[PDB]
Amino acid sequence: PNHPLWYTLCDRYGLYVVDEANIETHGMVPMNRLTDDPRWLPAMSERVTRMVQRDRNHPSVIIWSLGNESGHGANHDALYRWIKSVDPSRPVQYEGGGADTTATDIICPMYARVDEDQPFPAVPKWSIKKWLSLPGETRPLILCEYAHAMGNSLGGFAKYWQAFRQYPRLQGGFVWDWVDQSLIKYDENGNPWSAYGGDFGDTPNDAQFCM
Amino acid sequence: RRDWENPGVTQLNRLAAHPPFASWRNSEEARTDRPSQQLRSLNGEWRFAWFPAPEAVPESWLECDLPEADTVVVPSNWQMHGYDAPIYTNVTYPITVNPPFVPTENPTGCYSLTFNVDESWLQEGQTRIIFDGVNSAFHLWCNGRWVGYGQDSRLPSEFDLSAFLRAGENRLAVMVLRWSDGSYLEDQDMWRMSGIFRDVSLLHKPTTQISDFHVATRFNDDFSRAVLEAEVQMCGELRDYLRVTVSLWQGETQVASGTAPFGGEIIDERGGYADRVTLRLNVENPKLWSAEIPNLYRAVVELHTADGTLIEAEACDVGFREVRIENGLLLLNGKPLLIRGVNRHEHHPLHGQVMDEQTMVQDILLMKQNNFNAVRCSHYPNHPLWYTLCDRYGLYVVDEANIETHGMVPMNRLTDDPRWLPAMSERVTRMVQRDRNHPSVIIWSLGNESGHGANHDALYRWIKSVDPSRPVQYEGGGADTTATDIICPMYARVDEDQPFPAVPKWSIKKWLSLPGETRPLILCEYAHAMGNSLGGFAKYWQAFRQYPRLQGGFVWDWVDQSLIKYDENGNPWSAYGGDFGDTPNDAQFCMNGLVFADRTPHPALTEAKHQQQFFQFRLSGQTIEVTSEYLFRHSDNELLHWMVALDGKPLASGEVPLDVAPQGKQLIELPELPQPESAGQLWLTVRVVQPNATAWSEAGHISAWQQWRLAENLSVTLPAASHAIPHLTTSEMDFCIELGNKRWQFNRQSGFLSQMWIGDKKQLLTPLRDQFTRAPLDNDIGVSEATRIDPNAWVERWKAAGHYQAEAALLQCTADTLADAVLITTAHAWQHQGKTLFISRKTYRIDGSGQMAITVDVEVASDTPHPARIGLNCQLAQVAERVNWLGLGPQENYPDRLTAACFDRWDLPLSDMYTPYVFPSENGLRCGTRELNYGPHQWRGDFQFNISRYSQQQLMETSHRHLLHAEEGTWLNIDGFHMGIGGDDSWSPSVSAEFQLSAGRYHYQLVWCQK
Amino acid sequence: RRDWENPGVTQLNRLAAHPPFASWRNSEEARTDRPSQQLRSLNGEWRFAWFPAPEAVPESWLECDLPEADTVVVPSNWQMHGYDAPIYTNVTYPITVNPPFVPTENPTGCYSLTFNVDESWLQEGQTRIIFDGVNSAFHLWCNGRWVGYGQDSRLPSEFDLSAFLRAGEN
Ligand SMILES: O=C1O[C@H](CO)[C@H](O)[C@H](O)[C@H]1O
Ligand SMILES: [Mg+2]
Ligand SMILES: [Mg+2]
Ligand SMILES: [Mg+2]
Ligand code: NA
Ligand code: NA
Ligand code: NA
Ligand code: NA
Ligand code: NA
Ligand code: NA
């Protein structure tokens, strides 16, 4: 959940917002170890319910998100239903566990390619055109993350947009991401320079992967 | 920190819930389910001290035993020991509604125990203590050191004591609080007690252990093949040498087995569960489990090293069955179920809410003997043994979460509050985690009467997610919300709608077809058996059998929640609300069972057994069509016994072997019956007898029966000629008729028969008078809260109309001497405040044979509430030992509750003609009676009657059966007509129109003579 | 009670969540969305002291300012002021994965602020304190008395201070 003023600005300047609960357990093994554990349901539910209770009147918020990279747990299904019950005005999405589980109204993969499949075991990232028509599937597809803009990047960006425009159910996505997470540091001469992972003695760290 | 006033803290240091563990260290023992040395019981004599509040408990108690304490038995409810009073309140909370706060004066029970621990348990593995039930919250200490905290009174709380124990003597200190924020979720309609009411045990597990395991059974289209999947979870040192072996047994024969190392399949980008493994075993033509035939297999889960070293083994009984809802029908192994269920609380008249095996077994045997096949755990998870028993004897179970917030306003104030979601989820999730392997459990319930909140939807989905093998139901908020797979209303009537705002209770037939509705309907509660009740019960079962989607319901309920008290002479008597100084209270509304607290049946139990029969019959000429409502079993322990009798006189009889396939039919043509000599009605009575004893019944057990009127030959022969002629003697005050040794006396002032003489003795203590009222039944009083007096209740309407105060006004009284008899004509009018309620016109014809023909014709004002009865009553001077009659019996039966009774010649001791309802009311009636015999007297005609030593007046003025005193002589009530008793619920008029005496004009005739 | 190592305790005495409030006492001010005198900002210069673990925090800190504390701007992340190093890791947790436990060495930031309220606030009404964001958990004290606890670094944590306030400096 963002600083309260962000939603007011989006309401006024006009930007569609996906409000996401502060829940990410990426480092767990497997990713859903905690989210599928009934003992963590209470902590998770407050992160979802208190978000909804705070931002439910903002017109800019058009979609609720259960969080990020926490696999797919029964806690997600429970909280998904909680929202649908409390606020039927907004669709609920969540990418964890395969991007098309029972906890999301929208097929929302991260980095699924336009034409090329990535048949990872359990959590495959199908070509987005193919994903749409898998037997039984009918939901819309909007990538929660795509076109990773790390450094000299965004190659193949036009391929996505040609697809978004030709396929009615391919409704876009959110580029990753807006601003480099670099921090300022000063050399002996007092001159500032852009720093990243490990430049503060922090270790282990993931170097430039924060930009 | 006052954790007992924080819905955010429902436990501290409590271990995760799981299925029943015994930690066997020998596979064979696990297979045979014999005792486990690793599982000890700490039940027995403990120390106990009561305190008005926790702040009163002295610090010394934590380290040393309190001198003031007493030695009591555990498990037990401390109210049953007299430390404080048990409180019976229905809806209104026993404490002020100010969540999450509880009264500062909070009864606190300090339990303590000194016990031994073998050094062997502390040298390796983990030693935990398990409290199966503590009401309602508690703190634990071991040897002076604080261990943990827990809430929810109906599920086990476990704690690791490995680092607190010492070899030899140890001391536990448990401070149990009566009230806690947990109480807000425990407002069930029952006695509010407290203490350590369930088993306390010590379990020892290896460091590398089985921490959890789930068993599932999937089938192919025709159930000719199955796959048993067992997911096993472990804790501790994870190594490549570890393995899990799940073997399935049928008796001593291993039918299947699978072995595998840990490391589940990949589930997400981070991999899978390295601490889990799933074994899949193929089973061909498995023996399916059902309440009809509870086939069970034994599954043994072995944790071991690849090379053969057993670390530990766990196990459970596996019932191969599939529960699914398809096309609107609840199916068991592919067949539509017809739920013959009942709600059952855990109650004992002496021990309170503490359950024991014998009581559980008795209940199950009684339930199955009375054709019940299902039970609902109203309204909390039960004692662990209950499920094992239901698995083995065969009963479908609805496992219900310990959540009820009935007293809140509105009912969903807390269930719709996300801040209460945590406390609620634990009551649901821990239940499922504990009972998911029991085959007997076929449906999960989210709780009872807590309205409908978002929390319910969240938890509904949580269960659908973790356990897709069982349907989920919940009645709150309308009985058909998004939180239930089954339309499960309570007290919805068969044909009549009750359009309550927001939460209407539609007629069940109409409910099924509401636009868009497709779900099956099974009432979670119906046919309230409070006192003299269950009228209209047959109407439900006729509908259940005609409507596919009406699949039954659970009667409310199994046993009266009465407690035993003692008088000055030390004699026991049944007590209810308010009998312990408890107030506010809801008096007798805690007694709604088909059986008494001591399990003695109420008359209504036979009505239930009859309507719930598994065999249906139809007659056509000499042929009896038998249909089986069994879904799986054949009638391989049933024989049909038939009997034809003429007005109680046996003419013919015989038996035929029953051989009908489930859902099948069998035709049985009866022999060429011999045309009877005497005049009268021939009656055919058939009954299904179980030749062989079973695990739930004795040899000869009768499971079903049905009666039919056969040929009837009306008597056209006139009785012999009378020798003498009755003589009339007149005085201003009376008309006295004499014929031999017999004398009749009619008071000319009252207009009633005031006396009769048979030989040299008088026969009446009170004159024979009209009666239009009855001691009000609980259904007539119609209240569920001792504070609400519904003016619409039958008793209130009769009282306001003056039925109980109307006095008889004589309009006519004349005598006439005929050729061979004397005729007495009378007319009375009952009035109240210038309003004529009833008019009774009679004639008494006493002829030369010594018989008195009484013809009665009554008019009832159309605008006065329909009368409870239309008959006569009097107090006979004598008391006989037996009561003999030709009519419906042998047990008590009323107009809307008499399908179970059979027409025949019955003979019972006087005492059996009185039903001992704890709260006294009209009782013991028997209908369709053509002849009644008592002492020298005989009454003939077509009436209903009850006979006892208690007058309607005494019954009406007495609150407890033990306060009744036999009156002199015998009170007789003979009715031409009697109102139905109803019972669809006991807090509103529930007697169907067809059983209301609204005809305006009534006629009945009786012949009184000597036998 | 080490509430920061128990997922069963995500807060203590925290008020219920709700949409943005200002408690306008004038309808036109609310319509125009102008400022509300009933809503005060406490952003500015606070007193801060860093500690390697909560056990290192001196009980004296609850009663009066710590001499070794510095004056810093709030809101802010103490890493940006140089009290300790910000850490950049993608997937792998920055602490040993052993739920619900965290390191015994747990950087602790002790913030404090002396203030006072309008006389009428001491008279009637409910006065609450709102922390729009605290990373990652915290205990709150007012005039030396414990008020509450709260988690979740990205949503506001509110507490009723009504029964703690007093005339003069708080
Ligand atoms: O609706 C109900 O009716 C019964 C009345 O005896 C009893 O109170 C049950 O617990 C409740 O669910
Ligand atoms: Mg609590
Ligand atoms: Mg209730
Ligand atoms: Mg915590
Ligand atoms: Na598109
Ligand atoms: Na990154
Ligand atoms: Na049916
Ligand atoms: Na009741
Ligand atoms: Na048979
Ligand atoms: Na009475």
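Naming: A, B, ... by sequence-line order, numbering from 1 per chain. Heavy atoms only: backbone and side chains are in, while hydrogens, waters and symmetry mates are out. Read the numbers this way: they start at 1 and go in the same order the structure lists the ligands and their atoms.
Taking the Mg ion (ligand 4) as reference, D3(C) places its N/O/S atom O nearest. Among heteroatoms of the N, O or S kind in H406(B), ND1 lies nearest the Mg ion (ligand 3).
Checking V9(C) against the Mg ion (ligand 4), an N/O/S atom falls under the 2.8 Å cut-off. Taking 2.8 Å as the criterion, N6(C) counts as a coordinating residue of the Mg ion (ligand 4), since one of its N, O or S atoms falls below it. Counting backbone and side-chain atoms alike, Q551(B) contributes no N/O/S atom closer than 3.0 Å to the Na ion (ligand 7). Distance check for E404(B) against the Mg ion (ligand 3): an N/O/S atom falls below 2.8 Å. At a cut-off of 2.8 Å, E449(B) coordinates the Mg ion (ligand 3) through an N, O or S atom. Counting backbone and side-chain atoms alike, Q151(C) contributes an N/O/S atom closer than 2.8 Å to the Mg ion (ligand 4). Residue contact annotation: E5(C) places no N/O/S atom under 2.8 Å from the Mg ion (ligand 4). For the Mg ion (ligand 3), the N/O/S atoms of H379(B) include none lying under 2.8 Å. Within the 3.0 Å limit, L338(B) places no N, O or S atom next to the Na ion (ligand 7). Residue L550(B): an N/O/S atom is found under 3.0 Å from the Na ion (ligand 7).
Note: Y630(B) and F615(B) meet the aromatic proximity criterion, with ring centroids under 6.0 Å apart. For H452(B) and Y474(B), the gap between ring centers reaches or exceeds 6.0 Å. Note: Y88(B) and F589(B) fail the aromatic proximity criterion, with ring centroids not under 6.0 Å apart. Between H345(B) and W191(B), a ring centre-to-centre spacing not shorter than 6.0 Å is recorded. Ring centroids of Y149(C) and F159(C) are separated by 6.0 Å or more, keeping the two rings apart. Aromatic ring centroids of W558(B) and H347(B) lie 6.0 Å or more apart.
For the pair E186(B) and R154(B), the salt-bridge criterion is not met [side-chain N within less than 4.0 Å of a carboxylate O].
With the Na ion (ligand 7) as vertex, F544(B) O and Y547(B) O subtend 90°, rounded to 10°.
Taking the centre and axis of the six-membered ring of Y540(B), the NZ or CZ atom of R493(B) falls outside the cone set by 45° and 6.0 Å.
Atom-to-atom distance recorded for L521(B):CG and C488(B):SG is 8.0 Å, nearest 0.5 angstrom.
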